[PDB]
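Trainee: My questions will all concern the structure given below.
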Amino acid sequence: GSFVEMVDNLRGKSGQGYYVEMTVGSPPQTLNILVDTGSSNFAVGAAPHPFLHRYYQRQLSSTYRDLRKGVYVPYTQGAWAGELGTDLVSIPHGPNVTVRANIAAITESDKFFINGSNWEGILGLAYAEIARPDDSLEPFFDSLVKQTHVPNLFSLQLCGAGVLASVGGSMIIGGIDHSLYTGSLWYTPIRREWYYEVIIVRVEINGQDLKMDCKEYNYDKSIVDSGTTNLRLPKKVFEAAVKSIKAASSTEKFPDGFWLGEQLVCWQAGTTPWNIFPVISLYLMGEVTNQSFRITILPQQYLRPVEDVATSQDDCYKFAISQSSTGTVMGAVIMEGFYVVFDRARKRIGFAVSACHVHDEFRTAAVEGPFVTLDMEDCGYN
Ligand SMILES: CC(=O)N[C@@H](Cc1cc(F)cc(F)c1)[C@H](O)CN[C@H]1C[C@H](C2CC2)Oc2ccc(CC(C)(C)C)cc21
């Protein structure tokens with residue numbers, strides 16, 4: 001249908017993920033929930049914690065059912081543990097339905113909730129394969145498609161910055177909202193249904209090819225992850241990219257620690273030298289054999305605005321490309337300014353330029369193709 005009612009249903013603080021409002025339990029208890037395409041568990045704070053403004057109260061819900069088993073979930077650096085159960089859940093600015101869903105009641109955690117955050121739980125939107133304790137714990141979105149009869153698809157339009165900066169965007173559950181993107185939507189295959197795994201076939205920095213065996217770009221996987229902030233790149237790819245961006249931007253010289261994500265670079269306000277930083281093009285495998293298309297990243301996307309309240313007049317930024325030993329993550333920084341369709345029903349992810357994009361006087365983020373290729377299924381790791 002029209003998805004008018006779901007537009008602008010997402011909020012957030014920069015670097016602390018995007019969240020949607022949800023209700024859990026009878027009568028409904030409202031919580032803000034992190035939207036995470038990089039995990040498969042729906043979990044909510046359900047005991048006091050110094051950084052939680054609210055938490056789920058099982059005893060106040062006539063529909064809670066305890067599953068009498070616990071669950072522990074470690075992420076990249078944060079973790080939680082809790083009791084599993086089920087309860088009735090809905091999304092007030094999503095479709096007007098109620099699903100009985102698995103819920104992990106978080107009763108202890110480590111480096112998970114963030115001070116000042118606004119969210120109280122997390123909604124892992126990926127596949128059952130990566131769910132904890134194991135794949136028999138049906139993820140929230142599988143429940144929603146099974147029980148209500150919504151098409152097996154959602155899309156995400158993460159809009160970036162309009163006190164840390166406020167962000168917003170839209171999560172369209174059950175379809176594609178044509179007013180949230182411009183131009184053509186290009187699909188890449190979901191390689192394997194676990195994370196949302198895709199295949200990158202070529203990387204360019206300022207039109208200049210990185211010239212690596214394309215297997216290195218997906219070593220040992222590449223995923224689309226709304227729950228990670230940065231572009232994360234395997235060791236070798238990272239070093240080659242950081243070299244290419246150093247050279248195209250060599251007129252100014254920056255600390256070791258800038259490029260390690262350890263230190264801000266600051267410029268007197270309004271003096272940010274955008275034009276010395278290159279654009280980055282990631283070509284992704286197409287649906288048609290021997291075709292690819294590319295998405296193009298501006299420096300405005302990979303240099304994250306971050307404020308020092310002291311030197312209060314400057315514009316400061318953190319480098320939001322960073323080194324991985326667990327594969328490529330196309331995180332928030334890559335998804336912002338694009339409209340991303342998690343087409344689960346047809347095992348593909350589409351990209352299109354977003355209605356809320358990040359244009360420059362001279363350069364523009366884009367989604368373009370086709371470009372003819374070969375040995376693209378060779379770019380996958382085994
Ligand atoms: C930053 C971060 O962790 N974000 C989380 C969500 C998240 C957001 C937050 F604000 C605080 C957190 F503690 C966790 C993502 O969900 C990470 N997604 C993938 C990225 C990457 C994959 C390997 C490429 O590495 C791992 C490692 C573990 C897990 C969790 C499960 C094992 C249970 C699936 C997920 C992932």
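Just remember, in the structure tokens the first chain shown is A, the second B, etc., residues are 1-based per chain, and ligands are 1-based in the order shown.
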Within 12 Å of residue 43 in chain A, counting only C-alpha atoms, which residues qualify if same-chain residues fewer than 5 places away don't, as a PyMOL selection string?
Mentor: chain A and resi 22+24+31-36+55-56+71-73+79-87+89+101-109+112-113+119-125+131-132+139-140
Trainee: Skipping near chain neighbours, those fewer than 3 positions away, what residues fall within 10 Å of range 305-308 of chain A using only C-alpha atoms, listed as a list in words?
Mentor: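 The contact residues come out as residues 14, 15, 161, 163, 164, 165, 264, 265, 266, 300, 301, 302, 311, 312, 313, 314, 315, 316, 317, 318, 319 and 320 of chain A.
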Trainee: For C-alpha atoms, I'd like the residues from the last selection saved as a compact mmCIF listing (two decimals), in the first residue's frame.
Mentor:
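That gives us out_6.txt:
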```txt
# COMPACT_ATOMS: atom_id res chain seq x y z
CA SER A 14 24.80 9.85 15.96
CA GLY A 15 26.96 6.68 16.42
CA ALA A 161 22.00 14.24 11.00
CA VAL A 163 24.05 17.31 22.79
CA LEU A 164 25.18 14.79 20.14
CA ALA A 165 23.41 15.20 16.74
CA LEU A 264 39.26 13.86 15.85
CA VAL A 265 40.56 16.17 13.15
CA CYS A 266 39.13 19.65 13.65
CA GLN A 300 30.61 13.66 4.25
CA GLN A 301 29.58 10.04 4.94
CA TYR A 302 32.93 8.57 6.06
CA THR A 311 36.89 24.33 21.34
CA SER A 312 33.22 25.06 20.65
CA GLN A 313 33.50 26.97 17.43
CA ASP A 314 35.34 24.34 15.25
CA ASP A 315 33.93 21.55 13.08
CA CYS A 316 35.39 18.19 14.22
CA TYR A 317 35.17 14.67 12.77
CA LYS A 318 36.12 11.11 13.44
CA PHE A 319 37.26 8.75 10.66
CA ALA A 320 34.38 6.22 10.25
```
Trainee: So that I can check the surroundings of residue 187 in chain A, please list as an NGL selection string every protein, DNA and RNA residue that reaches within 7 Å of it, counting only C-alpha atoms and ignoring chain neighbours fewer than 6 positions away.
Mentor: :A and (286-287 or 348-351)
Trainee: Which neighbours of range 151-160 of chain A fall inside 7 Å, counting only C-alpha atoms, when residues of the same chain fewer than 2 positions from it are skipped, and could you give them as a JSON list (two decimals) with N, CA, C and O atoms, in the first residue's frame?
Mentor:
```json
[["chain", "number", "residue", "atom", "x", "y", "z"],
["A", 145, "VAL", "N", 5.88, -12.15, 9.65],
["A", 145, "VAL", "CA", 5.45, -12.58, 8.32],
["A", 145, "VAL", "C", 4.52, -13.85, 8.46],
["A", 145, "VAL", "O", 3.46, -13.95, 7.81],
["A", 149, "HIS", "N", -0.02, -10.97, 7.64],
["A", 149, "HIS", "CA", 0.44, -11.69, 6.39],
["A", 149, "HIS", "C", 1.25, -10.80, 5.49],
["A", 149, "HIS", "O", 1.12, -10.80, 4.25],
["A", 162, "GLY", "N", 20.07, 15.74, 10.81],
["A", 162, "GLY", "CA", 19.22, 16.77, 10.20],
["A", 162, "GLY", "C", 19.91, 18.13, 10.07],
["A", 162, "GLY", "O", 20.16, 18.63, 8.94],
["A", 167, "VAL", "N", 19.51, 12.00, 14.72],
["A", 167, "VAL", "CA", 19.27, 11.41, 13.42],
["A", 167, "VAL", "C", 17.83, 10.87, 13.31],
["A", 167, "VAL", "O", 17.09, 10.79, 14.32],
["A", 168, "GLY", "N", 17.44, 10.56, 12.07],
["A", 168, "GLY", "CA", 16.15, 9.95, 11.78],
["A", 168, "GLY", "C", 16.12, 9.28, 10.43],
["A", 168, "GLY", "O", 17.12, 9.22, 9.76],
["A", 169, "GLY", "N", 14.95, 8.78, 10.05],
["A", 169, "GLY", "CA", 14.76, 8.04, 8.86],
["A", 169, "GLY", "C", 13.50, 7.25, 9.03],
["A", 169, "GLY", "O", 12.69, 7.53, 9.93],
["A", 170, "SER", "N", 13.36, 6.22, 8.20],
["A", 170, "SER", "CA", 12.13, 5.43, 8.09],
["A", 170, "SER", "C", 12.44, 3.96, 7.92],
["A", 170, "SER", "O", 13.40, 3.59, 7.26],
["A", 171, "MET", "N", 11.61, 3.12, 8.53],
["A", 171, "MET", "CA", 11.67, 1.71, 8.30],
["A", 171, "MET", "C", 10.32, 1.34, 7.72],
["A", 171, "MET", "O", 9.30, 1.40, 8.39],
["A", 172, "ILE", "N", 10.31, 0.92, 6.47],
["A", 172, "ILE", "CA", 9.05, 0.52, 5.83],
["A", 172, "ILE", "C", 9.01, -0.99, 5.95],
["A", 172, "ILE", "O", 9.86, -1.66, 5.30],
["A", 173, "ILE", "N", 8.07, -1.50, 6.76],
["A", 173, "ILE", "CA", 7.86, -2.95, 6.95],
["A", 173, "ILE", "C", 6.81, -3.41, 5.98],
["A", 173, "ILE", "O", 5.65, -2.97, 6.01],
["A", 174, "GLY", "N", 7.22, -4.33, 5.10],
["A", 174, "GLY", "CA", 6.25, -5.01, 4.26],
["A", 174, "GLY", "C", 6.16, -4.49, 2.87],
["A", 174, "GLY", "O", 5.27, -4.89, 2.14],
["A", 175, "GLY", "N", 7.12, -3.65, 2.49],
["A", 175, "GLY", "CA", 7.13, -3.10, 1.15],
["A", 175, "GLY", "C", 8.18, -2.05, 0.90],
["A", 175, "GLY", "O", 9.07, -1.85, 1.72],
["A", 176, "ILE", "N", 8.07, -1.39, -0.26],
["A", 176, "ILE", "CA", 8.98, -0.38, -0.73],
["A", 176, "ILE", "C", 8.13, 0.89, -0.95],
["A", 176, "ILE", "O", 7.08, 0.85, -1.56],
["A", 335, "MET", "N", 24.99, 3.06, 4.73],
["A", 335, "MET", "CA", 23.56, 3.03, 4.41],
["A", 335, "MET", "C", 22.87, 4.44, 4.38],
["A", 335, "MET", "O", 21.88, 4.65, 3.65],
["A", 336, "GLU", "N", 23.40, 5.39, 5.17],
["A", 336, "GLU", "CA", 22.86, 6.76, 5.25],
["A", 336, "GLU", "C", 22.88, 7.41, 3.87],
["A", 336, "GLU", "O", 23.87, 7.24, 3.15],
["A", 337, "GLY", "N", 21.79, 8.09, 3.49],
["A", 337, "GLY", "CA", 21.69, 8.73, 2.16],
["A", 337, "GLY", "C", 21.26, 7.74, 1.06],
["A", 337, "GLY", "O", 20.95, 8.16, -0.09],
["A", 338, "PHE", "N", 21.25, 6.45, 1.38],
["A", 338, "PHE", "CA", 20.61, 5.47, 0.49],
["A", 338, "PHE", "C", 19.34, 4.91, 1.05],
["A", 338, "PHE", "O", 19.08, 4.99, 2.26],
["A", 339, "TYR", "N", 18.56, 4.34, 0.16],
["A", 339, "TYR", "CA", 17.34, 3.67, 0.52],
["A", 339, "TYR", "C", 17.67, 2.19, 0.27],
["A", 339, "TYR", "O", 17.97, 1.80, -0.86],
["A", 340, "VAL", "N", 17.62, 1.38, 1.34],
["A", 340, "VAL", "CA", 18.05, 0.03, 1.30],
["A", 340, "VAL", "C", 16.87, -0.97, 1.52],
["A", 340, "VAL", "O", 16.18, -0.92, 2.51],
["A", 341, "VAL", "N", 16.67, -1.85, 0.57],
["A", 341, "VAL", "CA", 15.57, -2.79, 0.55],
["A", 341, "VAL", "C", 16.11, -4.18, 0.88],
["A", 341, "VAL", "O", 16.91, -4.74, 0.12],
["A", 342, "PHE", "N", 15.72, -4.71, 2.03],
["A", 342, "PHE", "CA", 16.03, -6.07, 2.41],
["A", 342, "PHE", "C", 14.95, -6.95, 1.87],
["A", 342, "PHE", "O", 13.97, -7.33, 2.55],
["A", 343, "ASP", "N", 15.11, -7.24, 0.59],
["A", 343, "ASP", "CA", 14.14, -8.08, -0.14],
["A", 343, "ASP", "C", 14.34, -9.59, 0.21],
["A", 343, "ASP", "O", 14.94, -10.36, -0.58],
["A", 344, "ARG", "N", 13.84, -9.99, 1.37],
["A", 344, "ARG", "CA", 14.00, -11.38, 1.81],
["A", 344, "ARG", "C", 13.28, -12.40, 0.93],
["A", 344, "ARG", "O", 13.71, -13.51, 0.85],
["A", 345, "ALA", "N", 12.16, -12.02, 0.31],
["A", 345, "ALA", "CA", 11.28, -12.92, -0.41],
["A", 345, "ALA", "C", 12.01, -13.34, -1.69],
["A", 345, "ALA", "O", 11.89, -14.47, -2.13],
["A", 354, "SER", "N", 18.69, 8.05, -1.71],
["A", 354, "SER", "CA", 17.58, 8.40, -0.84],
["A", 354, "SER", "C", 17.02, 9.82, -1.10],
["A", 354, "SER", "O", 17.71, 10.70, -1.57],
["A", 356, "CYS", "N", 16.46, 11.73, 1.26],
["A", 356, "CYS", "CA", 17.27, 12.49, 2.21],
["A", 356, "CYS", "C", 18.75, 12.09, 2.02],
["A", 356, "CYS", "O", 19.22, 11.14, 2.64],
["A", 357, "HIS", "N", 19.47, 12.75, 1.12],
["A", 357, "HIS", "CA", 20.82, 12.32, 0.73],
["A", 357, "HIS", "C", 21.73, 13.44, 1.10],
["A", 357, "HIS", "O", 21.27, 14.48, 1.60]]
```
Trainee: Neighbouring residues of ligand 1 are defined here as those with any atom at most 8 Å from a ligand atom, counting only C-alpha atoms and all ligand atoms; list them as a PyMOL selection string.
Mentor: chain A and resi 16-17+34+36-41+73-80+111-114+122+124+130-132+195+221-223+225-229+326-329
